[PDB]
>>> print(open('run38.pdb').read())   # PDB, N, CA and C atoms and all ligand atoms
ATOM      1  N   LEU A  26       0.837  -1.217   0.000
ATOM      2  CA  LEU A  26       0.000   0.000   0.000
ATOM      3  C   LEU A  26       0.862   1.253   0.000
ATOM      4  N   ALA A  27       0.822   1.989  -1.102
ATOM      5  CA  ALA A  27       1.479   3.285  -1.182
ATOM      6  C   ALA A  27       0.499   4.366  -0.745
ATOM      7  N   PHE A  28      -0.676   3.910  -0.330
ATOM      8  CA  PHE A  28      -1.727   4.767   0.186
ATOM      9  C   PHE A  28      -2.620   3.937   1.101
ATOM     10  N   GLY A  29      -3.041   4.515   2.215
ATOM     11  CA  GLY A  29      -3.901   3.798   3.138
ATOM     12  C   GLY A  29      -3.177   3.342   4.382
ATOM     13  N   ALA A  30      -1.855   3.353   4.339
ATOM     14  CA  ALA A  30      -1.059   2.857   5.449
ATOM     15  C   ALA A  30      -0.638   3.982   6.387
ATOM     16  N   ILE A  31      -1.306   4.088   7.520
ATOM     17  CA  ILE A  31      -0.957   5.085   8.516
ATOM     18  C   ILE A  31      -0.577   4.410   9.825
ATOM     19  N   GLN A  32       0.438   4.946  10.474
ATOM     20  CA  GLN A  32       0.887   4.416  11.747
ATOM     21  C   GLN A  32       0.621   5.442  12.836
ATOM     22  N   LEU A  33      -0.028   5.000  13.894
ATOM     23  CA  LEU A  33      -0.329   5.881  15.007
ATOM     24  C   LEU A  33       0.094   5.253  16.321
ATOM     25  N   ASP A  34       0.291   6.093  17.310
ATOM     26  CA  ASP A  34       0.722   5.641  18.620
ATOM     27  C   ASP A  34      -0.478   5.213  19.456
ATOM     28  N   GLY A  35      -0.244   4.273  20.359
ATOM     29  CA  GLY A  35      -1.319   3.699  21.147
ATOM     30  C   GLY A  35      -1.717   4.573  22.315
ATOM     31  N   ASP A  36      -1.598   5.870  22.124
ATOM     32  CA  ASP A  36      -1.959   6.833  23.144
ATOM     33  C   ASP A  36      -2.944   7.848  22.572
ATOM     34  N   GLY A  37      -2.837   8.112  21.272
ATOM     35  CA  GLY A  37      -3.841   8.922  20.612
ATOM     36  C   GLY A  37      -3.284   9.920  19.610
ATOM     37  N   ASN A  38      -2.004   9.820  19.277
ATOM     38  CA  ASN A  38      -1.418  10.754  18.322
ATOM     39  C   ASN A  38      -0.886  10.045  17.085
ATOM     40  N   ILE A  39      -1.114  10.661  15.923
ATOM     41  CA  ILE A  39      -0.636  10.125  14.663
ATOM     42  C   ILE A  39       0.861  10.372  14.541
ATOM     43  N   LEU A  40       1.597   9.391  14.035
ATOM     44  CA  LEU A  40       3.036   9.530  13.904
ATOM     45  C   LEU A  40       3.436   9.721  12.447
ATOM     46  N   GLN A  41       2.995   8.820  11.575
ATOM     47  CA  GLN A  41       3.413   8.879  10.176
ATOM     48  C   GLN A  41       2.382   8.237   9.247
ATOM     49  N   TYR A  42       2.246   8.808   8.055
ATOM     50  CA  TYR A  42       1.357   8.272   7.032
ATOM     51  C   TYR A  42       2.172   7.864   5.806
ATOM     52  N   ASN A  43       2.037   6.613   5.401
ATOM     53  CA  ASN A  43       2.806   6.081   4.284
ATOM     54  C   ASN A  43       2.110   6.386   2.969
ATOM     55  N   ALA A  44       2.555   7.464   2.335
ATOM     56  CA  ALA A  44       2.010   7.934   1.063
ATOM     57  C   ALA A  44       2.683   9.238   0.673
ATOM     58  N   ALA A  45       3.042  10.023   1.680
ATOM     59  CA  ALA A  45       3.698  11.299   1.451
ATOM     60  C   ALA A  45       5.176  11.100   1.144
ATOM     61  N   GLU A  46       5.472  10.953  -0.135
ATOM     62  CA  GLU A  46       6.840  10.827  -0.616
ATOM     63  C   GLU A  46       6.933  11.460  -1.993
ATOM     64  N   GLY A  47       6.254  12.587  -2.119
ATOM     65  CA  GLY A  47       6.162  13.288  -3.374
ATOM     66  C   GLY A  47       5.120  14.378  -3.294
ATOM     67  N   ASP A  48       5.562  15.585  -2.982
ATOM     68  CA  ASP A  48       4.653  16.703  -2.794
ATOM     69  C   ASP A  48       4.216  17.254  -4.138
ATOM     70  N   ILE A  49       3.161  16.665  -4.674
ATOM     71  CA  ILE A  49       2.656  17.033  -5.985
ATOM     72  C   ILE A  49       1.276  17.669  -5.888
ATOM     73  N   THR A  50       0.974  18.226  -4.727
ATOM     74  CA  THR A  50      -0.303  18.883  -4.501
ATOM     75  C   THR A  50      -0.084  20.199  -3.753
ATOM     76  N   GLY A  51      -1.029  21.122  -3.870
ATOM     77  CA  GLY A  51      -0.956  22.366  -3.131
ATOM     78  C   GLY A  51      -2.048  22.457  -2.089
ATOM     79  N   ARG A  52      -2.227  21.375  -1.348
ATOM     80  CA  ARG A  52      -3.254  21.311  -0.319
ATOM     81  C   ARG A  52      -2.759  21.922   0.979
ATOM     82  N   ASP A  53      -3.661  22.041   1.939
ATOM     83  CA  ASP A  53      -3.289  22.416   3.291
ATOM     84  C   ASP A  53      -2.928  21.156   4.065
ATOM     85  N   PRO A  54      -1.640  20.997   4.404
ATOM     86  CA  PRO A  54      -1.103  19.769   5.003
ATOM     87  C   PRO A  54      -1.478  19.585   6.475
ATOM     88  N   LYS A  55      -2.520  20.269   6.922
ATOM     89  CA  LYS A  55      -3.003  20.119   8.289
ATOM     90  C   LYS A  55      -4.200  19.175   8.313
ATOM     91  N   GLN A  56      -4.183  18.216   7.405
ATOM     92  CA  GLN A  56      -5.273  17.260   7.279
ATOM     93  C   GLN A  56      -4.951  15.976   8.033
ATOM     94  N   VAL A  57      -3.754  15.451   7.808
ATOM     95  CA  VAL A  57      -3.332  14.209   8.441
ATOM     96  C   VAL A  57      -2.028  14.402   9.200
ATOM     97  N   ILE A  58      -1.652  13.370   9.977
ATOM     98  CA  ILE A  58      -0.419  13.312  10.792
ATOM     99  C   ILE A  58      -0.204  14.528  11.691
ATOM    100  N   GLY A  59       0.730  14.370  12.616
ATOM    101  CA  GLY A  59       1.019  15.418  13.578
ATOM    102  C   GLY A  59      -0.206  15.756  14.397
ATOM    103  N   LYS A  60      -0.947  14.721  14.763
ATOM    104  CA  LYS A  60      -2.235  14.880  15.399
ATOM    105  C   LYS A  60      -2.155  14.569  16.881
ATOM    106  N   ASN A  61      -2.119  15.613  17.683
ATOM    107  CA  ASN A  61      -2.221  15.477  19.128
ATOM    108  C   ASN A  61      -3.671  15.662  19.524
ATOM    109  N   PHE A  62      -4.316  14.591  19.935
ATOM    110  CA  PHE A  62      -5.730  14.658  20.236
ATOM    111  C   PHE A  62      -5.956  15.011  21.698
ATOM    112  N   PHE A  63      -6.179  16.292  21.937
ATOM    113  CA  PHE A  63      -6.460  16.798  23.268
ATOM    114  C   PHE A  63      -7.909  16.506  23.642
ATOM    115  N   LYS A  64      -8.186  16.435  24.939
ATOM    116  CA  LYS A  64      -9.533  16.148  25.413
ATOM    117  C   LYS A  64     -10.435  17.371  25.273
ATOM    118  N   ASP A  65     -10.823  17.650  24.036
ATOM    119  CA  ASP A  65     -11.707  18.768  23.727
ATOM    120  C   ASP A  65     -13.165  18.341  23.876
ATOM    121  N   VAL A  66     -13.354  17.107  24.352
ATOM    122  CA  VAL A  66     -14.680  16.512  24.515
ATOM    123  C   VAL A  66     -15.396  16.467  23.165
ATOM    124  N   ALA A  67     -14.871  15.632  22.281
ATOM    125  CA  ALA A  67     -15.446  15.453  20.961
ATOM    126  C   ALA A  67     -15.414  13.981  20.566
ATOM    127  N   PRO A  68     -16.418  13.206  21.000
ATOM    128  CA  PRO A  68     -16.499  11.784  20.691
ATOM    129  C   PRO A  68     -17.211  11.512  19.372
ATOM    130  N   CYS A  69     -17.583  12.574  18.671
ATOM    131  CA  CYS A  69     -18.275  12.431  17.404
ATOM    132  C   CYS A  69     -17.411  12.922  16.250
ATOM    133  N   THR A  70     -16.576  12.034  15.739
ATOM    134  CA  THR A  70     -15.853  12.281  14.506
ATOM    135  C   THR A  70     -16.031  11.079  13.575
ATOM    136  N   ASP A  71     -17.300  10.769  13.291
ATOM    137  CA  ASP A  71     -17.684   9.656  12.411
ATOM    138  C   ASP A  71     -17.291   8.304  12.991
ATOM    139  N   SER A  72     -16.903   8.282  14.256
ATOM    140  CA  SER A  72     -16.502   7.041  14.890
ATOM    141  C   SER A  72     -16.821   7.063  16.386
ATOM    142  N   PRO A  73     -18.069   6.732  16.764
ATOM    143  CA  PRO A  73     -18.452   6.593  18.173
ATOM    144  C   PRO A  73     -17.605   5.525  18.851
ATOM    145  N   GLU A  74     -17.598   4.343  18.252
ATOM    146  CA  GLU A  74     -16.635   3.321  18.603
ATOM    147  C   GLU A  74     -15.446   3.442  17.669
ATOM    148  N   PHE A  75     -14.276   3.673  18.241
ATOM    149  CA  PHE A  75     -13.078   3.938  17.458
ATOM    150  C   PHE A  75     -12.657   2.720  16.642
ATOM    151  N   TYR A  76     -12.675   2.881  15.316
ATOM    152  CA  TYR A  76     -12.184   1.874  14.373
ATOM    153  C   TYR A  76     -12.769   0.487  14.649
ATOM    154  N   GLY A  77     -11.922  -0.453  15.058
ATOM    155  CA  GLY A  77     -12.387  -1.799  15.323
ATOM    156  C   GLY A  77     -12.089  -2.206  16.742
ATOM    157  N   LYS A  78     -12.884  -1.681  17.673
ATOM    158  CA  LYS A  78     -12.665  -1.888  19.100
ATOM    159  C   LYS A  78     -11.308  -1.333  19.514
ATOM    160  N   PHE A  79     -10.887  -0.261  18.843
ATOM    161  CA  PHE A  79      -9.583   0.365  19.079
ATOM    162  C   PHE A  79      -9.348   0.635  20.568
ATOM    163  N   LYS A  80     -10.443   0.923  21.293
ATOM    164  CA  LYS A  80     -10.355   1.272  22.708
ATOM    165  C   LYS A  80      -9.957   0.040  23.517
ATOM    166  N   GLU A  81     -10.425  -1.115  23.069
ATOM    167  CA  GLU A  81     -10.081  -2.382  23.687
ATOM    168  C   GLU A  81      -8.750  -2.868  23.127
ATOM    169  N   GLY A  82      -8.502  -2.521  21.869
ATOM    170  CA  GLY A  82      -7.299  -2.905  21.183
ATOM    171  C   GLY A  82      -6.063  -2.498  21.941
ATOM    172  N   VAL A  83      -6.127  -1.297  22.486
ATOM    173  CA  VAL A  83      -5.023  -0.717  23.228
ATOM    174  C   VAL A  83      -4.745  -1.511  24.501
ATOM    175  N   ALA A  84      -5.777  -1.704  25.305
ATOM    176  CA  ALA A  84      -5.599  -2.254  26.636
ATOM    177  C   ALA A  84      -5.554  -3.769  26.614
ATOM    178  N   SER A  85      -6.208  -4.365  25.634
ATOM    179  CA  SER A  85      -6.140  -5.806  25.465
ATOM    180  C   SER A  85      -4.718  -6.194  25.073
ATOM    181  N   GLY A  86      -4.020  -5.258  24.432
ATOM    182  CA  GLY A  86      -2.629  -5.467  24.095
ATOM    183  C   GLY A  86      -2.455  -6.337  22.876
ATOM    184  N   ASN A  87      -3.425  -6.288  21.977
ATOM    185  CA  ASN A  87      -3.366  -7.087  20.753
ATOM    186  C   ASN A  87      -4.234  -6.493  19.658
ATOM    187  N   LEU A  88      -4.076  -5.204  19.450
ATOM    188  CA  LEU A  88      -4.818  -4.512  18.421
ATOM    189  C   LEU A  88      -4.274  -4.833  17.043
ATOM    190  N   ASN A  89      -4.649  -5.976  16.526
ATOM    191  CA  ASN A  89      -4.271  -6.348  15.181
ATOM    192  C   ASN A  89      -5.416  -7.125  14.524
ATOM    193  N   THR A  90      -6.185  -6.447  13.674
ATOM    194  CA  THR A  90      -7.301  -7.092  13.003
ATOM    195  C   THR A  90      -7.506  -6.498  11.615
ATOM    196  N   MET A  91      -7.963  -7.328  10.691
ATOM    197  CA  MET A  91      -8.412  -6.867   9.392
ATOM    198  C   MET A  91      -9.920  -7.007   9.311
ATOM    199  N   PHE A  92     -10.594  -5.882   9.196
ATOM    200  CA  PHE A  92     -12.045  -5.861   9.173
ATOM    201  C   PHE A  92     -12.533  -4.997   8.022
ATOM    202  N   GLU A  93     -13.399  -5.552   7.191
ATOM    203  CA  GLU A  93     -13.981  -4.796   6.100
ATOM    204  C   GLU A  93     -15.348  -4.279   6.515
ATOM    205  N   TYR A  94     -15.575  -2.990   6.299
ATOM    206  CA  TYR A  94     -16.835  -2.376   6.665
ATOM    207  C   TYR A  94     -17.510  -1.819   5.423
ATOM    208  N   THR A  95     -18.657  -2.380   5.085
ATOM    209  CA  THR A  95     -19.404  -1.930   3.931
ATOM    210  C   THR A  95     -20.393  -0.842   4.333
ATOM    211  N   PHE A  96     -20.484   0.203   3.527
ATOM    212  CA  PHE A  96     -21.441   1.262   3.777
ATOM    213  C   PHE A  96     -22.596   1.153   2.800
ATOM    214  N   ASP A  97     -23.660   0.494   3.232
ATOM    215  CA  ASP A  97     -24.830   0.288   2.389
ATOM    216  C   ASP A  97     -25.868   1.379   2.636
ATOM    217  N   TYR A  98     -25.389   2.546   3.043
ATOM    218  CA  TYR A  98     -26.250   3.697   3.269
ATOM    219  C   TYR A  98     -26.181   4.647   2.080
ATOM    220  N   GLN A  99     -26.690   5.856   2.260
ATOM    221  CA  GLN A  99     -26.733   6.830   1.179
ATOM    222  C   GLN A  99     -25.545   7.788   1.272
ATOM    223  N   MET A 100     -25.429   8.482   2.399
ATOM    224  CA  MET A 100     -24.405   9.515   2.564
ATOM    225  C   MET A 100     -23.162   8.970   3.264
ATOM    226  N   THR A 101     -22.849   7.708   3.017
ATOM    227  CA  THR A 101     -21.701   7.076   3.643
ATOM    228  C   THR A 101     -20.503   6.995   2.690
ATOM    229  N   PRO A 102     -19.295   6.725   3.225
ATOM    230  CA  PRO A 102     -18.091   6.516   2.409
ATOM    231  C   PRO A 102     -18.122   5.181   1.662
ATOM    232  N   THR A 103     -17.015   4.841   1.017
ATOM    233  CA  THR A 103     -16.917   3.590   0.283
ATOM    234  C   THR A 103     -16.527   2.436   1.187
ATOM    235  N   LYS A 104     -16.781   1.226   0.715
ATOM    236  CA  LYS A 104     -16.436   0.022   1.461
ATOM    237  C   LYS A 104     -14.926  -0.100   1.618
ATOM    238  N   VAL A 105     -14.450   0.042   2.848
ATOM    239  CA  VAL A 105     -13.034  -0.069   3.128
ATOM    240  C   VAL A 105     -12.742  -1.248   4.038
ATOM    241  N   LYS A 106     -11.496  -1.666   4.034
ATOM    242  CA  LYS A 106     -11.043  -2.748   4.885
ATOM    243  C   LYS A 106      -9.866  -2.271   5.715
ATOM    244  N   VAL A 107      -9.986  -2.386   7.027
ATOM    245  CA  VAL A 107      -8.961  -1.880   7.924
ATOM    246  C   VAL A 107      -8.099  -3.010   8.426
ATOM    247  N   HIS A 108      -6.814  -2.958   8.142
ATOM    248  CA  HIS A 108      -5.896  -3.854   8.800
ATOM    249  C   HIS A 108      -5.094  -3.055   9.808
ATOM    250  N   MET A 109      -5.441  -3.221  11.062
ATOM    251  CA  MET A 109      -4.739  -2.572  12.146
ATOM    252  C   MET A 109      -3.748  -3.549  12.718
ATOM    253  N   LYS A 110      -2.611  -3.062  13.161
ATOM    254  CA  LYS A 110      -1.616  -3.938  13.737
ATOM    255  C   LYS A 110      -0.875  -3.217  14.838
ATOM    256  N   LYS A 111      -0.829  -3.828  16.000
ATOM    257  CA  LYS A 111      -0.001  -3.348  17.057
ATOM    258  C   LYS A 111       1.444  -3.283  16.593
ATOM    259  N   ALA A 112       1.945  -2.056  16.510
ATOM    260  CA  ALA A 112       3.263  -1.785  15.982
ATOM    261  C   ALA A 112       4.309  -2.605  16.716
ATOM    262  N   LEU A 113       5.261  -3.137  15.972
ATOM    263  CA  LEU A 113       6.295  -3.985  16.546
ATOM    264  C   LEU A 113       7.219  -3.178  17.456
ATOM    265  N   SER A 114       7.053  -1.862  17.434
ATOM    266  CA  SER A 114       7.799  -0.974  18.307
ATOM    267  C   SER A 114       7.326  -1.122  19.754
ATOM    268  N   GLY A 115       6.018  -1.287  19.933
ATOM    269  CA  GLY A 115       5.466  -1.435  21.262
ATOM    270  C   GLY A 115       4.080  -0.830  21.394
ATOM    271  N   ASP A 116       4.004   0.315  22.061
ATOM    272  CA  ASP A 116       2.726   0.963  22.360
ATOM    273  C   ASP A 116       2.284   1.898  21.241
ATOM    274  N   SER A 117       2.012   1.305  20.096
ATOM    275  CA  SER A 117       1.511   2.007  18.932
ATOM    276  C   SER A 117       0.806   1.007  18.032
ATOM    277  N   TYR A 118      -0.080   1.482  17.179
ATOM    278  CA  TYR A 118      -0.864   0.594  16.318
ATOM    279  C   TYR A 118      -1.021   1.197  14.925
ATOM    280  N   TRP A 119      -0.922   0.363  13.900
ATOM    281  CA  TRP A 119      -1.040   0.822  12.539
ATOM    282  C   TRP A 119      -2.463   0.704  12.042
ATOM    283  N   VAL A 120      -2.729   1.419  10.970
ATOM    284  CA  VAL A 120      -4.021   1.417  10.311
ATOM    285  C   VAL A 120      -3.816   1.354   8.800
ATOM    286  N   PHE A 121      -3.994   0.180   8.221
ATOM    287  CA  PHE A 121      -3.931   0.036   6.773
ATOM    288  C   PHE A 121      -5.339  -0.059   6.210
ATOM    289  N   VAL A 122      -5.802   0.998   5.567
ATOM    290  CA  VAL A 122      -7.109   0.971   4.946
ATOM    291  C   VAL A 122      -6.991   0.535   3.483
ATOM    292  N   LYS A 123      -7.975  -0.219   3.017
ATOM    293  CA  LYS A 123      -7.972  -0.734   1.665
ATOM    294  C   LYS A 123      -9.403  -0.882   1.171
ATOM    295  N   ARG A 124      -9.799  -0.045   0.224
ATOM    296  CA  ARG A 124     -11.154  -0.101  -0.294
ATOM    297  C   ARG A 124     -11.303  -1.270  -1.256
ATOM    298  N   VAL A 125     -12.465  -1.896  -1.225
ATOM    299  CA  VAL A 125     -12.766  -2.996  -2.119
ATOM    300  C   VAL A 125     -13.646  -2.500  -3.257
TER     301      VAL A 125
HETATM  302  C1  LIG A 201     -22.193  13.682  18.255
HETATM  303  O1  LIG A 201     -22.007  14.833  17.899
HETATM  304  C2  LIG A 201     -23.568  12.985  18.395
HETATM  305  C3  LIG A 201     -24.782  13.522  18.145
HETATM  306  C4  LIG A 201     -25.165  14.832  17.599
HETATM  307  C5  LIG A 201     -26.519  15.109  17.431
HETATM  308  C6  LIG A 201     -26.952  16.325  16.939
HETATM  309  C7  LIG A 201     -26.035  17.293  16.608
HETATM  310  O2  LIG A 201     -26.459  18.505  16.112
HETATM  311  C8  LIG A 201     -24.693  17.052  16.767
HETATM  312  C9  LIG A 201     -24.269  15.834  17.259
END
>>> encode(input="run38.pdb", output="C-alpha cells")
Amino acid sequence: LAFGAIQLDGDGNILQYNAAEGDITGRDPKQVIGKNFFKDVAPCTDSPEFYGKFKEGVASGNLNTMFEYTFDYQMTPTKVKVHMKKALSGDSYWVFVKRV
C-alpha cells in the first residue's frame, strides 16, 4: 500500500502516514499526521466506537485485526477494509485501509 497505510501511537497521536513521498499537490497539510488529540470533549468524529474496538485494542494489548466495513447507506463513504496492527515498536498501532 502506497496509500492507506498510517501508523499511530497507542496513546492517541498520529506519527506517520505512508504515502507522502512526493509533494505534488498544493493542499493544506493540516489534514493528516502530527495529530495530538487533546480532550476537547469530541467523541463524534464519524466514529463513536473507534475503528475496530480500538479502545479495547489498546488495553487488550493485541490490536491487530483486518475488518472490512461496507457502507450500504446513502451519505456514507466507500467500502473499506482496515488492517490494524499493534506496531512492533510497542505501544503504537497501525491502520492500513484498503477499499474494495
Ligand atoms: C455527536 O455529535 C452525536 C450527536 C449529535 C446530534 C446532533 C447534533 O447537532 C450534533 C451531534
>>> residues_around(input="run38.pdb", residues="range 76-84 of chain A", least_positions_apart="3", cutoff="8 Å", atoms="all atoms listed in the file", output="number ranges by chain")
A: 35-36, 71-73, 87-90, 92, 107, 111, 116-117
>>> axis_aligned_box(input="run38.pdb", around="ligand LIG 201 (chain A)", padding_each_side="3 Å", output="AutoDock Vina command-line options")
--center_x -24.5 --center_y 15.7 --center_z 17.3 --size_x 10.9 --size_y 11.5 --size_z 8.3
>>> resolve_selection(input="run38.pdb", expression="the PyMOL selection byres (((not hetatm)) within 7 of (chain A and resi 201))", output="PyMOL selection string")
chain A and resi 68-70
>>> resolve_selection(input="run38.pdb", expression="the PyMOL selection byres (((chain A and resi 59) around 6.5) and not hetatm)", output="list in words")
residues 38, 39, 40, 41, 57, 58, 60 and 61 of chain A
>>> closest_residue(input="run38.pdb", among="A:125, A:91, A:120, A:66", to="residue 104 in chain A", atoms="only C-alpha atoms")
A:125
>>> select_by_dssp(input="run38.pdb", residues="chain A", states="strand (DSSP E or B)", output="VMD selection string")
chain A and resid 30 to 34 38 to 43 61 90 to 94 105 to 111 117 to 124
>>> atom_distance(input="run38.pdb", atom1="CA of residue 112 in chain A", atom2="atom C of residue 33 in chain A")
7.7 Å
>>> atom_distance(input="run38.pdb", atom1="atom N of residue 118 in chain A", atom2="atom N of residue 26 in chain A")
17.4 Å
>>> atom_distance(input="run38.pdb", atom1="atom N of residue 115 in chain A", atom2="CA of residue 28 in chain A")
22.1 Å
>>> residues_around(input="run38.pdb", residues="residue 95 in chain A", least_positions_apart="2", cutoff="6 Å", atoms="only N, CA and C atoms", output="PyMOL selection string")
chain A and resi 93+97+103-105
>>> closest_residue(input="run38.pdb", among="A:86, A:47, A:56, A:63", to="residue 113 in chain A", atoms="only C-alpha atoms")
A:86
>>> select_by_dssp(input="run38.pdb", residues="range 33-95 of chain A", states="helix (DSSP H, G or I)", output="MDAnalysis selection string")
chainID A and resid 79:85
>>> decode(input="run38.pdb", residues="range 47-81 of chain A", atoms="C-alpha atoms", output="compact mmCIF listing (two decimals), in the first residue's frame")
# COMPACT_ATOMS: atom_id res chain seq x y z
CA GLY A 47 6.16 13.29 -3.37
CA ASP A 48 4.65 16.70 -2.79
CA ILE A 49 2.66 17.03 -5.99
CA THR A 50 -0.30 18.88 -4.50
CA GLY A 51 -0.96 22.37 -3.13
CA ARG A 52 -3.25 21.31 -0.32
CA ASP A 53 -3.29 22.42 3.29
CA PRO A 54 -1.10 19.77 5.00
CA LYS A 55 -3.00 20.12 8.29
CA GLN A 56 -5.27 17.26 7.28
CA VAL A 57 -3.33 14.21 8.44
CA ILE A 58 -0.42 13.31 10.79
CA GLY A 59 1.02 15.42 13.58
CA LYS A 60 -2.24 14.88 15.40
CA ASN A 61 -2.22 15.48 19.13
CA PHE A 62 -5.73 14.66 20.24
CA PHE A 63 -6.46 16.80 23.27
CA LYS A 64 -9.53 16.15 25.41
CA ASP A 65 -11.71 18.77 23.73
CA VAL A 66 -14.68 16.51 24.52
CA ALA A 67 -15.45 15.45 20.96
CA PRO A 68 -16.50 11.78 20.69
CA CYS A 69 -18.27 12.43 17.40
CA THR A 70 -15.85 12.28 14.51
CA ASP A 71 -17.68 9.66 12.41
CA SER A 72 -16.50 7.04 14.89
CA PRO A 73 -18.45 6.59 18.17
CA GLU A 74 -16.64 3.32 18.60
CA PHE A 75 -13.08 3.94 17.46
CA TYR A 76 -12.18 1.87 14.37
CA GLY A 77 -12.39 -1.80 15.32
CA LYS A 78 -12.67 -1.89 19.10
CA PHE A 79 -9.58 0.36 19.08
CA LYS A 80 -10.36 1.27 22.71
CA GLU A 81 -10.08 -2.38 23.69
